[PDB]
Amino acid sequence: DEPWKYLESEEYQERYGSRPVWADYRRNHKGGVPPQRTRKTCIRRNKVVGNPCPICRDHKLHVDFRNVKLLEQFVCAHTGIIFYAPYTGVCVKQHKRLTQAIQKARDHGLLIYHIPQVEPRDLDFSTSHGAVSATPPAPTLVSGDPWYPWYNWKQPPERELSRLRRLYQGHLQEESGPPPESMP
Amino acid sequence: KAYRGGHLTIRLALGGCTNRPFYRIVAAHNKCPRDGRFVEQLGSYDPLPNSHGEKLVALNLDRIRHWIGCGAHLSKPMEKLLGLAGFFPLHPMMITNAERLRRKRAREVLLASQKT
Amino acid sequence: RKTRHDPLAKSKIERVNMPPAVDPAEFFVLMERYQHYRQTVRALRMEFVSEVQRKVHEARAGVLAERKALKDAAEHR
Amino acid sequence: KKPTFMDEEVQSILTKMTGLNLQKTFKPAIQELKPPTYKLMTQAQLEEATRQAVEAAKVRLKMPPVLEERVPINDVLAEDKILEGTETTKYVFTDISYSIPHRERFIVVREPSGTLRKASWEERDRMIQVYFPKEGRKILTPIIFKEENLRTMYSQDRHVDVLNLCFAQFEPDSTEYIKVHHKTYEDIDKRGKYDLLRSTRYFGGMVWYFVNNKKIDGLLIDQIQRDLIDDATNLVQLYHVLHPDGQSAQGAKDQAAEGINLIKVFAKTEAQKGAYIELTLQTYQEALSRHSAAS
Amino acid sequence: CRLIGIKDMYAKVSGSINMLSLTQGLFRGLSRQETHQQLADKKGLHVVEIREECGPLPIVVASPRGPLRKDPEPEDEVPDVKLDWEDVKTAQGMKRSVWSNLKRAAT
Amino acid sequence: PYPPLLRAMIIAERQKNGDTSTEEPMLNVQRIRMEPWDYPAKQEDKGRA
Amino acid sequence: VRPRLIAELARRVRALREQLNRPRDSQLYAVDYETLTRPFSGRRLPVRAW
Amino acid sequence: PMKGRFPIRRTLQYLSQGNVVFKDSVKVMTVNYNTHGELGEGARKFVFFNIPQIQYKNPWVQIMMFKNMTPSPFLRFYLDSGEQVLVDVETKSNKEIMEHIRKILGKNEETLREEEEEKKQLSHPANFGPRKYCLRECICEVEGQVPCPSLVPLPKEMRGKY
Amino acid sequence: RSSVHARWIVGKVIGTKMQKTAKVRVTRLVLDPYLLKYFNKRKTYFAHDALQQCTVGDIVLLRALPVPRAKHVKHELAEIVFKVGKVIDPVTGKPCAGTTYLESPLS
RNA sequence: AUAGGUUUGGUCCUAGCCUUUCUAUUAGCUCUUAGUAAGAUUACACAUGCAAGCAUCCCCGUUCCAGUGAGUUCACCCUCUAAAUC
Ligand SMILES: [Zn+2]
Ligand SMILES: [Zn+2]
């Protein structure tokens, strides 16, 4: 179950050698150009297809982020690009799993890849901006008056209230009421 | 086209999928389709929460100022969001709905107190 | 949507457009909040209009524009 | 006034500490490969090509600025109690613009308390990376900047690339950048692969951190083992400038020391393994006697 | 080229694809290659390589075994070389083909 | 007063362009009139159907 | 461009008919006072004016 | 092989490898050159090699070439203010003519970079439109944010299954 | 200013059979994009001349008009750049026939 | 195109047709779930239901959206400039 043992064991160098795993698979197709996709899976239900892919033909070959020699076998050596499924021979499912293993090993550190030297994001590196320093506080904020004092409820005189009632009587709704202050 | 009568409008344009709204702040004519010719896209507004959760929005404030100076008519969610920003005053409608919720929650607190 | 020559339906041949019931103080403070908000956004819009006009005027003819125009003419000659 | 990192004499001597190995600076990396071009010249044009390669190496080896940490900003612009309790999840506003600098743009947060707080440094960097993306930086913090990952990759001897990923992800004034850089410097002081950090743009920051927080014994050791003797004398000089109230410093200007004697004065005064510095110095002087007899 | 040992080239054939002329033309070209040492001995100057992978670092490959010529090469501006229209078509991007860059098997 | 983000904008840009000038940013309001919901318009700016 | 003479003629005579035979305010703003329905319009009046 | 003596003159990198970008004052460029005589060889090579590059980098300037009608080869430039620049090119080279016209009526490098900076001002990153114009189409792509429903299924907060 | 697209054009006179009008042939260079080669494309302009100074075969400079006069007359004569036969060399401002000096420049 | 098959008693050359690749519509046979994109062949005829109201009377809008591919160089740039928003 735990990988990194078969790859250093004896049966690997007996069946395969210094050659890669995929150096023996030839996909069967209508001749000339192969289809520009492999099968989606070799293992349908719990049965294997007639010509298994290099990953699917050996159940011992487990794939994860710690299986670094397989991962560097399935990624190129002179270029930092991953081998595609028509090039290698693995399924679409196995290609997705091998890719996820590649980037999981890449951000877990157990795989070699090139990182370019990056130029600094900005030119001026000062922190003397109003967005990255303090600001002179508002008069309301040094006090506690609400900003834009027309936000506060202020009851009109009942003369204006009765003028409103004279305008919009008949279909008049219920009465007034000041806001509470603190939510539950 | 020509659009006999009309004006520019800073508004939200839907660009998401089903059960996933996303809005783009654009400068479009009022008489054009919602997802159509905008003269320029001012920013972005995601109302959905992030994994951390912050409901994103970005505004190109100088070009917003430019199109307001050119005469763009703001739409009701748009002055809602600019008031929420602090580029515009807070909106009387939404502080009034805050007030309506004040009184509604006061009523349910009183009713629950009578229940208990 | 409909055009000017579409016949109206019967449920809109008769249908009353009943008015919302009006609350007094929310309505009055709502009018005051509306007039205050419209006044301050009118001020902000006037400021932005003046800013755009100033930008156009200084781009057309400021001091650096005349400076680069005279440099171009002198370099040409 | 104490000379900071960005001064002419310290920059020149730090350049000499770094050194220029062309075969390490311009090195074959595993990227996409294009067929190579071939050119046809004399010895003089070959020397001109090597000079241009040296100048390009200097451009590539221009030194990133070492800067102090930033104060965690907590500034409430406004607080709207009427807004408090209306919405649930916060709102981050960004002035994206195009010509404003990134440390000049304004980004604010509105919370369910009604507080219009200016955005923190981490939220600031995340929103700048979202709306103005730079290559290499991801807004989610990489899992490679965790203890076991950095340990494994230090064991795989990848410290230049630690500093590369850290430069790509974190701004130099950030606490995470500061912590990762000093943790890498502590690991390289524990084991020590200064040659693995030579001819790279982090050598000067490493030397600056060590002479500021004094652990330069291994630097003297590796310098006089690898015959970087003018380099070692200049490093003792940098120490004497940066700490002028040290007994190394008054002993040096009392004895008018100039070279290997400056190194000896330092090792007699404050070197924590000064017996081993003297032992390496006298073995080096035995080697000097050997090749002087050879000369 | 698996029999020879060559691993990385591109080859396009045209005209008549006859096997018995194809193989003989292949052998004629590969045996009438010029190497960098012979090139350097003919011109009298250094042979250098400039890779995009390494950078501006000049990598000397072949130096003359005799004297070094001291007059520089004549920089013939706008040279007279016969280009290929398929190469120029591919370089400028009007080579529209549904067959060229197809994902095939190994080698 | 100016809305708080714009207040931050303009006080920031003035202390970048030089003089501290810590007065509160005010703008003229009495220029704008206060015509309420009563004011009649013009019939030729209007028009009969 | 082949001219649109008949369209221009229709426009001109429509403008002339609108100018000459315009409906007047008497038959425009009349009110059937029991059902609040104006003639020639067919639309009644809003709830704030009954 | 491509037809012609020098096939490099039709390879779209020679054309966008010429250097003269004319100012907005000039409208007509006239090249009077001599087919014979050892002194007009620079003008002949300038007509042969550099006129396509000049026309490619200045698409709206009318370039007219004239044959053996005057005993000396010269360039004339007709400029919108009304100017008529004369540049004799007898006993010169094509590179000399290129440098001369780039100095006299060529736009400066700083002006070209400023124009290109205005184009990069037009190209903005933070906008979210289609891939033809912008860089990302939605924030369904940016990690952390809730993904697109097609790629990742949404939880049952969605409508219908409320 | 002018609503005419062509501000300054240099062309050749074809015919002078219209009163106070000259028919001028303007030849621009248009890139054939497949061959990537510049070929002359010709357009006929109608220029206004008040003095009947231009004969056929002349090389003329035409300026734009602020508003076109006729249906096609959108340009006016600016100068007779090269009169037929009697060609004054402008570099050495001397009369010449072609490739030779009718009057010697060392006069 | 990394090309392949096919003229002949046989070879070489020129040549056409076809194969190998990808996408779309329809037909046959056969089909488990979940999510998401997209969804008359016909500018042929349409039963029926709905799609334009608002609003203190005036106005405004129904001249927009939505649809279709019949026709077809009325779409782009410059000059001038009328509605329209400030
Ligand atoms: Zn498989
Ligand atoms: Zn999506």
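In this analysis, Cβ positions are derived from the backbone assuming ideal geometry, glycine residues included, and neighbour counts consider all displayed protein chains. Nothing in this text is a laboratory measurement; each read-out follows from the coordinates by a stated rule.
What's the longest bit of chain G with no exposed trypsin sites (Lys or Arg not before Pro), using DSSP loop states and at most 12 other Cβ atoms within 10 Å as the test?
G:5-23
For chain B, with a Gaussian network of springs between Cα atoms less than 10 Å apart, report the residue from B:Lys31, B:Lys55, B:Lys76 with the top mean-square fluctuation.
Highest fluctuation of the listed residues: B:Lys55.
In whole percent, what relative contact order does chain I give with Cα contacts below 8 Å and a gap of six or more residues?
Normalised by residue count, the contact order of chain I is 24 percent.
Can you give the Kirkwood hydrodynamic radius of chain A from its Cα pairs, in Å with one decimal?
Hydrodynamic radius (Kirkwood, Cα pairs) of chain A is 24.2 Å.
To one decimal place, what Kirkwood hydrodynamic radius in Å is obtained for segment H:4-63 from all pairs of distinct Cα atoms?
With all distinct Cα pairs of segment H:4-63 included, I get 12.6 Å.
Counting other Cβ atoms within 10 Å, keep those with at most 13, restrict to DSSP loop, and tell me which GluC sites (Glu not before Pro) in segment D:98-177 are left.
Those satisfying the criteria are D:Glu135.
Ranking H:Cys134, I:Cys54 by Cβ neighbours within 10 Å, fewest first, what do you get?
By the 10 Å Cβ count, ascending, the order reads H:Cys134, I:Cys54.
Around D:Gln255, what is the net charge, scoring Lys/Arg as +1 and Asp/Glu as -1 over all other residues with Cβ under 12 Å from its Cβ?
With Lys, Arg at +1 and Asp, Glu at -1, the net is +1.
So how far, in whole Å, is the C-alpha centre of segment I:58-107 from the one of segment C:10-26?
Each part's Cα centre sits 83 Å from the other's.
For segment D:1-105, which chymotrypsin sites (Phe, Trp or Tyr not before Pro) pass both filters: DSSP loop (anything but H, G, I, E, B) and at most 16 other C-beta atoms within 10 Å?
Qualifying residues, ordered by number: D:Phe5, D:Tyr98.
Compute a Gaussian network model of chain D, connecting alpha carbons closer than 10 Å, and tell me which residue from D:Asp245, D:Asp230, D:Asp80 fluctuates the most.
Of D:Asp245, D:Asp230, D:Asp80, the most mobile in the Gaussian network model is D:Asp80.
Once a ≥ b ≥ c are taken as the square roots of the eigenvalues of the Cα gyration tensor of segment H:1-156, is the result rounded (a/c under 1.5), prolate (a/b larger than b/c) or oblate (a/b not larger than b/c)?
prolate
With θ set to phi - 60°, apply the Karplus curve 6.51 cos²θ - 1.76 cosθ + 1.60 along segment A:160-172 and write out the HN-Hα couplings as whole Hz, x wherever there is a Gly or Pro.
5, 4, 6, 4, 4, 5, 4, 5, 10, 7, x, 8, 5
Going highest first, how would you order B:86-93, H:150-157, H:38-45, D:150-157 by mean Cβ packing within 10 Å?
Peptide ranking by packing, descending: B:86-93, H:38-45, D:150-157, H:150-157.
So how far apart, in nm, are the two label points at D:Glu48 and D:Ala294 if each is 7 Å from Cα heading toward Cβ?
Placing both labels 7 Å along Cα→Cβ, they lie 3.9 nm apart.
May I ask which of H:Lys23/H:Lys67; D:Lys27/H:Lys132; D:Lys62/D:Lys214; D:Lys183/F:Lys16; C:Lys68/H:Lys120 have a Cα-Cα span longer than 29 Å here?
Result: D:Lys27/H:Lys132; D:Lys183/F:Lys16 exceed 29 Å.
Taking θ as phi - 60°, what are the ³J(HN,Hα) couplings along segment D:70-80 by the Karplus curve (6.51, -1.76, 1.60), each to the nearest whole Hz, with x for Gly and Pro?
Result, ordered by residue: 9, 6, x, 7, 9, 10, 8, 6, 8, 9, 10 Hz.
Tell me, how many Å apart are the Cα centres for segment D:198-267 and for segment A:141-184?
76
Cα axis of helix H:94-105 to longest principal axis of chain H: angle in degrees, 0 to 90, nearest 10?
Compared with the principal axis, the helix lies near 70 degrees.
Mind giving me the FRET efficiency for B:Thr116 and D:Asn74? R0 is 45 Å, r the Cβ-Cβ distance, nearest 0.05 is fine.
Step by step, r from the Cβ atoms, then E = 0.65.
Given points 7 Å out from each Cα along the Cα-Cβ axis, report the E:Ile50 to A:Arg66 separation in nanometres with one decimal.
Distance between label points: 4.9 nm.
Between I:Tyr34 and E:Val98, what's the calculated FRET efficiency when r is the beta-carbon distance and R0 is 35 Å? Round to 0.05.
So the FRET efficiency works out to roughly 0.95.
Eigenvalues of the Cα gyration tensor times 5, then square-rooted: what semi-axes does that give for chain I, in whole angstrom, largest first?
27, 21, 12
How many Cβ atoms of partner chains, on average, are near each residue of D:127-136 if near means within 10 Å of its Cβ?
5
Excluding residues fewer than 8 places away in the same chain, name every one of the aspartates and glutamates whose C-alpha is closer than 19 Å to that of D:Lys146.
A:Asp107, D:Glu122, D:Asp157, D:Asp161, D:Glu171, D:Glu176, D:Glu186, D:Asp187
Can you give the FRET efficiency for C:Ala59 and E:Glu75, using 1/(1 + (r/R0)^6), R0 = 45 Å, r = Cβ-Cβ distance, to the nearest 0.05?
0.45
Quick check: from the Cα gyration tensor, does the protein assembly as shown come out rounded (a/c under 1.5), prolate or oblate?
Note, shape of the protein assembly as shown comes out oblate.
Where in segment E:44-72 does the label zone of E:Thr35 land, with the point 7 angstrom along Cα→C-beta and an amide N cut-off under 19 Å?
Within reach of a label on E:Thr35: E:44-49, E:60-67.
For chain D, calculate the relative contact order in percent as a whole number, restricting contacts to Cα pairs under 8 Å that are 6 or more residues apart.
About 17 percent, as a whole number.
If each of I:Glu103 and A:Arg166 carries a label point 7 Å out from its Cα toward its Cβ, how far apart are those two points in nm?
In this crude label model, I:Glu103 to A:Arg166 measures out at 10.4 nm.
Please give the net charge around A:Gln155, taking every other residue with its beta carbon less than 15 angstrom from that of A:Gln155, where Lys and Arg add +1 and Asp and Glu add -1.
Residues near A:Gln155 contribute -1 overall.
Within a 10 angstrom radius of each residue's Cβ in D:110-119, how many Cβ atoms of other chains show up on average? Whole number is fine.
3
Find how many whole Å separate the alpha carbon centroid of segment D:278-293 from the alpha carbon centroid of segment A:52-97.
Spelled out, the Cα-based centre of one part sits 55 Å from the other.
Provide the per-residue ³J(HN,Hα) series for segment D:22-31, in order, calculated from phi with Karplus coefficients 6.51, -1.76, 1.60 and θ = phi - 60°, each as a whole number of Hz, with x at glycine and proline positions.
5, 5, 9, 5, 8, 10, x, 9, 8, 10
Report, by chain and number, residues whose modeled amide H sits under 5 Å from the one on H:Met64, excluding near sequence neighbours (fewer than 5 apart, same chain).
Amide H neighbours of H:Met64, under 5 Å, 5+ apart: H:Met29, H:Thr30, H:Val31.
Amide H to amide H, which residues 5 or more places from D:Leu77 or on other chains are under 5 Å from it, using H placed in the peptide plane?
Result for D:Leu77 returns D:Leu116, D:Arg117, D:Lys118.
Using a Debye calculation, one point per C-alpha and no hydration shell, please list log10 I(q)/I(0) for segment B:1-115 at q = 0.10, 0.11, 0.13, 0.22 Å⁻¹ in order.
Treating every Cα as an identical point scatterer, log10 I(q)/I(0) equals -0.42, -0.49, -0.63, -1.24.
Local charge sum around D:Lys34 (other residues, Cβ-Cβ under 11 Å, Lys/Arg +1, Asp/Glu -1)?
-2
Below 28 Å Cα-Cα, how many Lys pairs turn up in segment B:1-115? Only count pairs eight or more apart in sequence, or on different chains, if you could.
Taking the Cα cut-off of 28 Å, the pair count is 10.
Averaged over F:31-37, how many beta carbons belonging to a partner chain fall within 10 Å of each residue's beta carbon?
Mean partner shielding for this stretch: 3.
Counting each DSSP H run of 4 or more residues in the protein assembly as shown as -39500 (n - 2.57), what helix-only mean residue ellipticity at 222 nm follows after dividing by all residues, to the nearest 500 deg cm²/dmol?
Value at 222 nm, helices only: -10500 deg cm²/dmol.
Relative contact order for segment B:1-115: what percent, with Cα pairs under 8 Å and sequence separation of 6 or more?
About 20 percent, as a whole number.
Loop-only trypsin sites (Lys or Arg not before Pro) in chain F, please: DSSP not H, G, I, E or B, and at most 11 other Cβ atoms within 10 Å.
Answer by residue number: F:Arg31, F:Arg33, F:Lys42, F:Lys46, F:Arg48.
What residues from segment A:1-44 fall in the zone where the backbone N is under 15 Å from a label point 7 Å along the Cα-to-C-beta line of A:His59?
Backbone N within reach: A:1-2, A:43-44.
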